[PDB]
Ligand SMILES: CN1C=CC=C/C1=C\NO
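Just one chain follows, in the form deposited without the ligand, and it is written as structure tokens.
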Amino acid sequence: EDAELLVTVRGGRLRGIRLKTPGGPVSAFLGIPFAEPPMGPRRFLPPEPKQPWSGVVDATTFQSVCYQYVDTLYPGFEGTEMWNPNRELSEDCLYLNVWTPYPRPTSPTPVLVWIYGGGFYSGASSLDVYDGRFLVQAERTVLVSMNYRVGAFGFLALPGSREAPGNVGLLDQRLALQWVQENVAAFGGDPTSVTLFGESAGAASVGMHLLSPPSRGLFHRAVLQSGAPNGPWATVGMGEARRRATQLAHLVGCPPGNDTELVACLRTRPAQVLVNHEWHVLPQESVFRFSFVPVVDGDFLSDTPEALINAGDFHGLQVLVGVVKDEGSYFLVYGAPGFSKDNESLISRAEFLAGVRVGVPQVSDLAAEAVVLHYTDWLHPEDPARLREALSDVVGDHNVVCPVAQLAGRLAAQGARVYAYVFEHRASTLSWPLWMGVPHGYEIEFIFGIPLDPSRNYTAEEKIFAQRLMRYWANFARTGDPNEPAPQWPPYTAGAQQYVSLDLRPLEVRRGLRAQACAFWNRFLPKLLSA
């Protein structure tokens, strides 16, 4: 029997599996339990470390996906099904995965830790696009990814209560990071060189461990793709979190009042029941808003991410951040009037103004008017093509680009070394319509080297392009610098605001992550709402 696939961690013995790659084999240990199953009385509770086991845990297959909604907008469509659960749903879902070179490294290898996105309501470490076999073979790193609770199971909060303190999905992530510190050396990984990287809610999640001291000692570098902890969707206040949690209880037949009896009744309901009602607790119609997200309650986050970002000292931190070219387009088909993947989505002026209230929810009429002013071309006020692109910019700037730009500028101006990118290559295999451009999430398959899979239809230059990106990411993980020692990728600074475009052409350096648009979102609009 292959001794390379047998590992002893602190909890007991594991049996892995060898995987094939166009470049040779890698070792994979999938479905490693890192917590006790958060079932029954453990629902809504912080995770507890997995108790030691006898015998050999079978770590040859992905474990269950945490209970979550399944997208039904375009049934059977590749563009949406690639994000849906590809394993059975269960609350018994707190498992993690380790990929390492074959044979296992004998000297400490830098570790990449992947945190998936999905708006804190969905996601799984087992999706094909997160397959960690190509990056590990090509770049000789250890790759870890974990499952964490999403939706109500991960982020329902009755602030102050002990039965539902909130943020337990983030504590799932932290527990996995502690697991990496204690056990990754058994796989050949270096616990003193851990780089977190995540996308969308995963990137926001990464932002959060940076701003939470108990997590800060568990990693060394960070990569935030198309997400930030200061996004208007990534956190919720204590009052709004309580209201959302109490309405969910009402919608599923639970009282009132008292917090203890409410959580007890919620613990009696099948997981699928909470999933089916979780979306009817949002205060208004919206895109890019999610019911149960991290709560700012003074514990995991002692203050708002913005407050912590502005006050933090980030000397000694290296971060890689970036966005895709069209962050907003993907979200518009989930509620913006007139949008659909199956026509040109050439909306009218009335639909554009309607879409602004959906894309910028819960703001005063004056704030909405301000948005319409900045994103209108008053020489072509009614052109459908520009209106379609304008609303995509509104959603993309408000939710992704400008939060990321704000984060990058504050970190750089306060001690961090920041590298910024814009991913501008539209994959030849992309199934979404052409008007969506380079949509949210479609840089991930290149970061993980999925184009190297010969079973897929990517072009030759797209394979080289994926190899470039894997090299950038792994360089950063190894040294805090993506550059290969062209042209050079310069650091992002608050003044010069330099970033690079990532596509098939060599690196091009540009200035300003939508500087004009983001001055509105990050400088003016906050002052208007507070007055």
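One-based numbering along the sequence shown.
FYI, the form solved in complex with the ligand isn't displayed, but the following is about it.
Asker: Counting only heavy atoms and a 4.5 Å cut-off, does the ligand in the entry with it bound sit next to every one of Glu199, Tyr330 and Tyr442?
Answerer: Yes: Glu199, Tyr330 and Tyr442 each sit within 4.5 Å of the ligand in the entry with it bound.
Asker: Flag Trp83 as yes or no: does it have a non-hydrogen atom within 4.5 angstroms of any non-hydrogen atom of the ligand in the entry with it bound?
Answerer: So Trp83 counts as contacting the ligand.
Asker: If you check in the entry with it bound, is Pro110 within 4.5 Å of the ligand, heavy atoms only?
Answerer: Outside the cut-off, so no.
Asker: Consider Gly117 of the chain shown here, and say whether it contacts the ligand in the entry with it bound, taking contact as heavy atoms within 4.5 Å.
Answerer: Yes, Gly117 sits close enough to the ligand in the entry with it bound that at least one of its heavy atoms falls within 4.5 Å.
Asker: Does at least one non-hydrogen atom of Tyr130 fall within 4.5 angstroms of the ligand in the entry with it bound?
Answerer: Judged by the heavy-atom cut-off of 4.5 Å, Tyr130 is in contact with the ligand in the entry with it bound.
Asker: Considering the ligand in the entry with it bound, find the one stretch among 134-142, 433-441, 186-194, 312-320 with heavy atoms no farther than 4.5 Å from it.
Answerer: Heavy atoms within 4.5 Å of the ligand in the entry with it bound occur in 433-441.
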